[PDB]
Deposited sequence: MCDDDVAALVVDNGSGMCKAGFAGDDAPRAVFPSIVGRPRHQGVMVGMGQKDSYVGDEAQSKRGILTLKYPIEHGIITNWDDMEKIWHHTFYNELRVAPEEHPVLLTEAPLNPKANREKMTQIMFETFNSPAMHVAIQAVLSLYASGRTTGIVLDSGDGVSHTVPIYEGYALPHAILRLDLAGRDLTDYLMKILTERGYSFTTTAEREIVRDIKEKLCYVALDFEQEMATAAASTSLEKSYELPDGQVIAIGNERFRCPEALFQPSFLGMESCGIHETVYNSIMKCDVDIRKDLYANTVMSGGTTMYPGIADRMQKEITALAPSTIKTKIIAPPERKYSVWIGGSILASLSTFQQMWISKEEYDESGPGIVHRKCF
């Protein structure tokens, strides 16, 4: 029977069956309590609910709400029986061991899964590239990670976390759109702004040059049609928004941009393996999906790295699903069916087994 692959993120949840190209179910990681619904229906019925995010910066902070998402994933989205399918879950880098054991307990004692396994998200993205060595820039809705991986092993001492991602950019776009007389405030409108962000934004190769072009003429202006029919028009906000990824000062943060964070991760690894990382910089997540981000990433790292170093950036066409695809591949291997934590193994060892097998 087909193993299940579930990728839990800060903003979106991806679920499907191992051996498929894309996740069959992709829904918002939102749980709505009165004053209970999950995902899209929680959004559509927001008028009588209080929406919460179980995942914060890639880390589970609400286990009760995390259960409802998994329950929704199994019985409503995938519409399968958890007790009849092995399940592959995903986890953020440097995920606390208490979170790992709790995740294990829930799959076995609540959903009664025959077998389970949990893998690091960035590592799965590297596998989907067909690589065992390289550094991954994973950037989603809530968190950004730079994860150096060598010969299948992640290097924990060189991993960097950057609390800068999609929802920050969407929030930023909301602010700077008010300067054009566009006042989006509600959660519904926040989703619409997110839609605008995903369709009109792009990363400028030369920021100051594009600003000059935007100020000199109306050539960079593009129009967007709201669901109610209203048409808005935006200009330099198109490339000012994702520029925050490289200039966190735009968001009020005194931290390094993604390009400099990747560099610092590489520079914390051993000298003799930095070359291999530079040549295999892989990008993952929906936030990395901006047009032109790869070229800009290429440019910025080249400026930081020594001259002799070759810099190559791998950016898969739908790297928003790379983590899931990497999971689907891993769970499809019959050489991997040796790694699952069986229900028998759990009943013998308990939650603490996840540290030994995963």
Where the deposited sequence has no C-alpha coordinates (positions from 1, in order): 1 to 5, 41 to 52, 376
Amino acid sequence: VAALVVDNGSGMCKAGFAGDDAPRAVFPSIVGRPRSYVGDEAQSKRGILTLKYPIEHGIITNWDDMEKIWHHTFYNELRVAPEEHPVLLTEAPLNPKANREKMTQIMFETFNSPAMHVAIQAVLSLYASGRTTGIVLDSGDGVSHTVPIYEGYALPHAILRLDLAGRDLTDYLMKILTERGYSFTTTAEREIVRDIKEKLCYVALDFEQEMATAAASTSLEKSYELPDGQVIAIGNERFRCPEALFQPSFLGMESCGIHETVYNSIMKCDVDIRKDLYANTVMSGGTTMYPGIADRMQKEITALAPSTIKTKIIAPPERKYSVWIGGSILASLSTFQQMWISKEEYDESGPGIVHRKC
From here on, numbers count along this sequence of modelled residues.
Comparing 107 to 115 with 181 to 189, the one whose average Cα B-factor in the PDB entry is higher: 107 to 115
Of the two stretches 156 to 164 and 232 to 240, which shows the higher Cα B-factor on average in the entry? 156 to 164
Using the entry's values, work out which of 127, 278, 224, 150 has the largest Cα B factor. 127
Just grab whichever of 322, 29, 298, 36 has the top CA B-factor as deposited. 36
Of the three thirds of the chain ranked by Cα temperature factor, residue 350 occupies the highest
Grab the CA temperature factor for residue 313 from the record and place it in the lowest, middle or highest third of its chain. lowest
Where does the C-alpha B-factor of residue 58 rank in its chain, lowest, middle or highest third? lowest
Residue 47 CA temperature factor, ranked by third within the chain: highest
What third of the chain does residue 327 rank in for C-alpha temperature factor, lowest, middle or highest? middle
